[PDB]
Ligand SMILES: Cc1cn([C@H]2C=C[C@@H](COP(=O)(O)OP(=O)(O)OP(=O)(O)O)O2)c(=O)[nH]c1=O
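Shown next as structure tokens: one chain only, the form solved without the named molecule.
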């Protein structure tokens, strides 16, 4: 195997740090012998060099046998040198997504033989790679070598190799702009739109160019055939798709089977639309051991079932055509679950995906929709370098109402309404004005930090009044309670005045679902209502009936 003549990459240890010097443990004779055989071969091939004992550095060597086989493998434990080597630049900051690859007429995969050994190591660095095959027992100085190429498991190898591969490809690229090569580890993906003709030719020219730099690769009849499996996907001449997924037939589920299931479904959801996972996830929370069986909830069951249904029979994604548009569609799937598909030509998907995240404690469909739009928008820029035209299940008017009045700044790239129920809508509006001839409730809550007991109640202005007690609450809780009462005892139209900016905040946002049971009840009230007007006053400022509901819930609490 050749050792690329290419320029070296200068390497340093970390400032105020010196190379390693960890002592070599004593080995058995068979181990000792195996290493001698392995090393002199590497030495012959130029991969290593013998050194004196003037060099003061050392890294443990070990030798293991073979998973099944009968050869020996040499293990050099670079932990110590690794903790002393500088940091490098991140190898590869993301991986292409298949839905972003342009179609090529013809593509072939090359792989480099012995990547790391084919490339040299900064001279002034080799000395720190010193290792020692010891002699039989303590006696005798051991045999001592150091590396001349990139060692396996050293911190800088992935970066410098790939950095090297780039340097080496740069020109060929230059004089071949219409051929794309993708570098992954020690694979090359090479595609072009030339007829097989000088595709193979052009391949050959690549190979030579590589071989000229000390890099060797397979030849026709040696190279993988499509579909090329990779990073979990399946790549075909005209499509791509995730690698085969199998949901095991199973009587009993352990935490561990379900964790794995959830993982395959998630993965599956990049191209199988409608994949659901909530019910399954629900099972995992507050978890026990991996080996523990979990009884499958009935929703979890309908969910598992509808998932086997979807996976029943293959689905694939298409590749990307830069001369056409990107359309993204989103459907509300339910309990905070969103689903989406991206295509260029109606219904031939490039990819699919889902969004669920609970963003905040209380939220509404309109906020979720636009969070999904953001997340999909970022993904498009990464994958295609442009944002898609959106098609959303929400009227222009609804959107306009909401964005316009919301405190927080918002935006959405080009979209159009599409009529696919469930449609997104606000489930109630607070008034802008006080309602004439509707009862005013002045509500209030108070909690004792010690006892954690609380009172909550109200006083209206037709003299009505009420006060409830609560036994393990908080101020926040007593103040939602107080508003919840005022909503229980008032019928279709009501003005409510609280001094809780907290409840106000939550409610002005038109939440339509929450993690708080209490906040939900408040919601069904607000939806039953017909005209609610809510308003804030600062508490403990002798003021309206506020001062009364105050003393009312204070007596006893504080």
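Positions refer to the first chain, counted from 1.
The same protein also exists as the form deposited with the named molecule bound; that form is not shown, yet it is the one meant from here on.
Taking the partner from elsewhere, every residue among 113, 116 and 221 has a non-hydrogen atom within 4.5 angstroms of the named molecule in the deposited bound form. Heavy atoms within 4.5 Å of the named molecule in the deposited bound form belong, among the stretches 42-50, 489-497, 515-523, 63-71, to residues of 63-71. Using a 4.5 angstroms threshold between heavy atoms, residue 371 stays clear of the named molecule in the deposited bound form.
The named molecule is not drawn, but in the deposited bound form it has no heavy atom within 4.5 Å of residue 168. Residue contact check for residue 430: none of its heavy atoms lie within 4.5 Å of the named molecule in the deposited bound form.
In the deposited bound form, the named molecule sits within 4.5 Å of a heavy atom belonging to residue 152. Of the residues given (77, 306, 204, 186), 186 alone sits with a heavy atom within 4.5 Å of the named molecule in the deposited bound form.
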